[PDB]
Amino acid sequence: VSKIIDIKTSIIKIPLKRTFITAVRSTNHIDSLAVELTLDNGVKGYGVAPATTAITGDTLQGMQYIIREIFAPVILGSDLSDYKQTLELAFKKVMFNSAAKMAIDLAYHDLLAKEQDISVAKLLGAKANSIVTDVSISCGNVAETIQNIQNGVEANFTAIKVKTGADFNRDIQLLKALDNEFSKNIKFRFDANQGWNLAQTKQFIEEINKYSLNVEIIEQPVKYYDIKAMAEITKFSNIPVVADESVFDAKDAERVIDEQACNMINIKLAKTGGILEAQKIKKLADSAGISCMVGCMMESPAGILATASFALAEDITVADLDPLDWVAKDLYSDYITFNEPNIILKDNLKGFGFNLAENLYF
C-alpha cells in the first residue's frame, strides 16, 4: 500500500508572448504554484494551479501556506488509495482557495495514473486524444477587434471567443461589423464576464438576431450572483446561455440547475478545486440535461493539459483553452501538440507527462 510521505511546493512564473490585459490587471507573465507529492515507493506526482486573485481569490502566498500548513498534515502518512477521503478531510479545513485545492487534486491524479503506468487522461477514462479550442479576443475598439479576429481566422481557428461587457455601445456596433466581415463558417462565443445588465443582455441578443451570424453561446452576461436574471435570460434567449462565474462547484451547479439559470456550464478546474469536484458537476449537469464546456484562467500548459484530459474523459467537446497560444511552444511540446485549433495529447505519457526538474531541481 502506497503512502504519501513528502510534499513540496514551488512558484513558477511563465513569460507571456504578449501583454495580457483583463478588467482589473495587466501582466506579462503567468503566476503558478506547483505541488509535488512523493509516495513511499519513490513515485512523484505534480499539480499546477494559477493564482487568479480577481476570480478565485487565490494568491501564491496563500496557496503555499495552505498546502504546507493545512493540507500537508492531513495528507502526510495517508494511503494513496484513501485519496477521496483524504481530500475531503483536507479541503473541509479551508473555505474558498479553490486554486490551492486544484494543485493538490491534480498531484493526486498524477500519482494514481503513474501507479497504473498510464496517462491521467486514460485513468479518467478518455480514449480520444484531441480537443478543439476557440481563440480568445480581448476587449478593444471595433476596428482592432475585427483585425484580431481576422488574425485568428488566418491562424486556422474557426471558433472565436469574443470578450464583451466593457463597453456596451462598442459590443452592439461590433455585431454589425462582424456580420459584414465574416460568414457562417466562423462560430462566435461571447463572454461579457458579468458586464451587462438584464436589459442590455436582451438587447444584445435581439441585435444578434437582426443579422446573419453563427453564434454558439452567450456566456455569463450578468453578475455571478444574479441567478434570477440568469434564469430570465436563459428563458428569453434563443442562444445557449453559459454559466461561468456563477458556477464554481457542485453546489453552485445544483443551484443553477434548480433555478434553470443556464443551458450550459463552463467548468474550470481552478474554480472547482480540481478533477474530483469537476466530475461531480458533470454528473449533476448530465442528469439535468445541461451541457458542459471547459475553460481555464490564463494559466500554464500543465493546467491546460489537466483540463483537456478531464474534457476528453467526460465527452466535453466545447473548449476555451487558448493560453497555449500565449506561451512558448517548448514549454508544452513534451506533452501537447498544438496544431491550431487542435490541442493534441502526446502518446504514452505516464501521469500528466510533465516534470518540475528545471524549477525544483535545476
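All residue numbers are counted from 1 along the displayed sequence.
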- Query: Comparing 264-272 with 162-170, where is the mean C-alpha B-factor higher?
  - Reply: 162-170
- Task: Check the entry's C-alpha temperature factors for 5-13 and 19-27, then say which stretch has the higher mean.
- Result: 19-27
- Query: If you check the C-alpha B-factor for each of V222, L124, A243, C139 in the entry, which is highest?
  - Reply: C139
- Tell me, please, which of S119, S81, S130, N156 has the highest C-alpha B factor according to the deposited entry? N156
- Task: Report the third (lowest, middle or highest) to which the CA temperature factor of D58 belongs, ranking only the modelled residues of the same chain.
- Result: lowest
- In terms of the chain's CA B-factor thirds, is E181 lowest, middle or highest? highest
- Looking at the entry's B-factor column for C-alpha atoms only, identify whether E36 ranks in the lowest, middle or highest third of its chain. lowest
- Query: Among the chain's modelled residues, which third holds the C-alpha B-factor of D330?
  - Reply: highest
- Query: Of the three thirds of its chain by CA temperature factor, lowest, middle or highest, which one includes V94?
  - Reply: lowest
